[PDB]
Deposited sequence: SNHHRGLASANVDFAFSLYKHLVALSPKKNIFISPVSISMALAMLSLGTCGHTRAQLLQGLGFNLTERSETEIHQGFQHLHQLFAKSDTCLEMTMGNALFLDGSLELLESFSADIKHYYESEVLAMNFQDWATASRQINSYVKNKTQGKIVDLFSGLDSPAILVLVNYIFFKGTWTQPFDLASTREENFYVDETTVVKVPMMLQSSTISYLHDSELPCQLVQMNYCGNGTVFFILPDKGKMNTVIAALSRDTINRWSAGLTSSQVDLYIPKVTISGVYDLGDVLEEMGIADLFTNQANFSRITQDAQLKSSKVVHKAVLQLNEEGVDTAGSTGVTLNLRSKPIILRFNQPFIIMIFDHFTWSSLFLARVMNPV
């Protein structure tokens, strides 16, 4: 139990669902961004809408109160803000509000207290300008990495909630630039591509999993960052992914041991863009999109529903470290061992202190 375990449960569930929907595509998401955005959103919900949303995010409202959930995300946000200076990290929230709406004071107080959310004015009557405005805001917070989060063709919103996350970290064990070389990467049975393959021969935290058919290594970045690189055995990608759980992570952490490893990992430049409505509904999070949605804690002068939940994430991974960003938007409307990663593999980016799932990747093609 606890926030950390719940957020991991949600992260892996979302990941599994997205992988199932796009069997041949790279997957890249920021679970913590999505969880934080929807948790903040839940502050405005009531009744069944609220109960369903919080359950979907992995929380049990018997056993834990809503206040405790929001306190959890507050401390999480606060710790990301106070990252070690060797890690450049940004993580925050914003609410864009049309002039026609007035937030109930309790809701405005809550989003400011728990999520430190900015509250910015927009003119939804001009969706072109408003969507450009929100996009610019997110682009700036992610230092240019997340662009065009919204389009002028999206259904106009009178309220938009945004979470952004960005960081640039350096490996505690970087790869030698001079040792990078082109190698074959086997996407599938009929597809082989040329990729820049990084190499280092080091004392690496390694595990050949005895319960799942996979090998993995843990690579740290400064500022308490940990990255799991997981290589499923041939033909076992789906088996490993389907099995991912909080218990799996605990087992890996306990089983990882220092070993001499010739570690080949390719440079990774990937991205993910998602309209999360359909997959969230598969996961039981649906009522908030319907004409029966209850957002009465935002306002009682109007009945709102969510129209769209969008998510974008980008990863740049190279010899020196990891540069990554993500953003989630919610719109509302009136109702030695040789280990070579030359086949599809999994990347998990965690904050070690909180065990927050910052990013998850399924890499089908690292180029």
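Gaps between the deposited sequence and the modelled structure occur at positions 1 to 4, 340 to 341.
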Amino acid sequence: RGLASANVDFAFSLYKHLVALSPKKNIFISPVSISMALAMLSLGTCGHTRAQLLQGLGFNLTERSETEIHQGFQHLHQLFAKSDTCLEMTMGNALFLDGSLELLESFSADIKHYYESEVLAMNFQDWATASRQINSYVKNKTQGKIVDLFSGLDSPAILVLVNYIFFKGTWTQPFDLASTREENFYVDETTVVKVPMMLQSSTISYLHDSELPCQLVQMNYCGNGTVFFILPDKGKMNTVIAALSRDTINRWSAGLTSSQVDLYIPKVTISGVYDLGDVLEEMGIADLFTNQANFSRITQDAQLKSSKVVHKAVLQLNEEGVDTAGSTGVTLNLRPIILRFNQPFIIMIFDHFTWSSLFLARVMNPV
From here on, numbers count along this sequence of modelled residues.
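For the pair 35 to 43 and 336 to 344, the mean B factor over Cα atoms is greater in 336 to 344. Relative to its counterpart among 79 to 87 and 103 to 111, 79 to 87 has the higher mean temperature factor, C-alpha atoms as listed in the PDB entry. Across the options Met122, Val240, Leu263, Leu276, the residue with the most elevated CA B-factor in the record is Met122. Note on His48, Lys308, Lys312, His70: the highest value goes to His48, judged by CA B factor as recorded. Per the PDB record, residue ranking by Cα B-factor puts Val322 in the middle third of the chain.
The entry lists a Cα temperature factor for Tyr164 that places it in the lowest third of the chain's modelled residues. Among all modelled residues in its chain, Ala4 ranks in the middle third by Cα B-factor. Among all modelled residues in its chain, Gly92 ranks in the lowest third by Cα B-factor. Sort the modelled residues of the chain by CA B factor and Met364 lands in the middle third.
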